[PDB]
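Next comes just one chain, in C-alpha cells: the form solved without this ligand.
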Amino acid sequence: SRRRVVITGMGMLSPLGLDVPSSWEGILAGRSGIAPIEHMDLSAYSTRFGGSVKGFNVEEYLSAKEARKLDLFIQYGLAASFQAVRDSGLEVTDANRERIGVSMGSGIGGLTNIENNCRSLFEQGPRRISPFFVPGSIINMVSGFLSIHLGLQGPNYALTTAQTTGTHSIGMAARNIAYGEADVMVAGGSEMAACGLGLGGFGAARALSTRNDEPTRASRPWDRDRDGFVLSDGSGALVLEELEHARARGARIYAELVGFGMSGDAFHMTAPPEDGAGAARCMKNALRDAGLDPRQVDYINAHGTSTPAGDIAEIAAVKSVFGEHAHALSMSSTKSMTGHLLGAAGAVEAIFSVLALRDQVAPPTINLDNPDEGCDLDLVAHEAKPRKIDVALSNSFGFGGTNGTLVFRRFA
C-alpha cells in the first residue's frame, strides 16, 4: 500500500552558486546568474550569453583522472548528487544498499563531448574518438556513476523528457518509494547544453532571447518585452525517502512530497497550447494525487521560461485550475534569475519550492517591469515576499507536450 515520501537531502550547481545555500541566497536577493559566455567564441551566434556554473571545481568531488572522461553534465549531476547524499546524513550499508536507487535525468546529455568527438572524427578520423565517448556522454551515466561510487543497488534509471526531465525524475522516483520498489532514491537532473550545437540549435529555432547587450535583463517572465528563454547549466538532486525510514533514523525532513502529475498536451512538438489545457490537466492530476483542495496552494514555482506563448499559457492554466484562489496564491519564475536549466530546471526549482516552504518566502520574478496583457496575478515582481506557505507546487512543460507538476507541503 502507498507509502509517504519526504525530502531529507538536497544538492545543486546553478548559475547563482556551487551549492544550495549559496544559490538560495542569490534567489532571495534577486541576483541574476546570467552573463556573456566565456568558454567559447560566440561571435557567429545570435545569442552569446547564458547561465554558466562559475568556478566549479570537479576535484572537490572526483579525481582529475576520472573527471577528464566525463561530460560536464555528468560532472554536474554527480556534484549535486554527492551534496544531496551528504546533506541527507544517510549511511549506505549492506543492509540497505539494495533499497537505495537513483534517477538523475538530462534533456540533451553530453552534447559538448559529442560535438568534440564529432570534430575529432571529421578533422582526423574515427581512431581519434575517445574510448570513453559512450560511457562519458550518454544520459544514464549520472545514475550509473553515482551507483558505482556509493554502492547503490536499488532501481537505476534515467528519464529524458526535455525541459520536464527534473520534475518527472523526482515524481517517478517518489512513486518508486511510494509503491515499495525502493526506500530511498536520489533524483533530479543535470544539463550543460552550452556548446555550438546547443546555442546554435536553439538559436536556429529562434527560441532564445537575443538581448546580448543586457544579459541580466534577458530573462523576464510575463514581461511584455520578453523575447525567449535564456540557456543555463547546472544540476539539482534530492534525496527522497520513505517517511517511516526517515523517522526511524532521525533524519532532518525538509518537506513532504504529496503529489505528482504528468499529462501530455498532445498539441504541438514545441509550442504550448495558448489556453494552458495540458498544464491545467497536469496540475489538477497532481492536486487530486495530493488529496488537496486547490485553495490550499500558497506558492507556485512556475515553469516561466520567458517565451511569449509559454508564459501566457501558464497564467491561463493557473486561472483555470484555481479560479478566484488564483488571486490569493503567489506564483514566481526563478528562471528570471537562473535562466532555463532545461533537464535540470525542474530539479533546481523543486529545491527552491522546498526552501520556500522552509523559509516561508516566495522568491521573486525579477525583471517583471511591465506585466503583459492578462498577467495580473501575484507574480512576486522584483522582490522576495515573506508569506505563509503550507503547500508549494512546481510546474515544468517540455517539447513533445510533456507536463509535470510536483506538490510539496510542510512536514511537522
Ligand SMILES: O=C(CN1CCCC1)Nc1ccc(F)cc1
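When you see a residue number, it is the position in the sequence shown, counting from 1.
Here the subject shifts to the form solved in complex with this ligand, a form of this protein not shown in this document.
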query: Placed ligand check: this ligand in the deposited bound form, overlay by site C-alphas, backbone/C-beta within 2.4 Å; finding: open
query: Listed residue (83, 330, 143, 75) with a non-hydrogen atom within 4.5 angstroms of this ligand in the deposited bound form; finding: 83
query: Option touching this ligand, based on a heavy atom within 4.5 Å in the deposited bound form, out of 376, 60, 383, 41; finding: 60
query: Sequence-ordered residues of 15-35 touching this ligand in the deposited bound form, heavy atom within 4.5 Å; finding: 18, 19
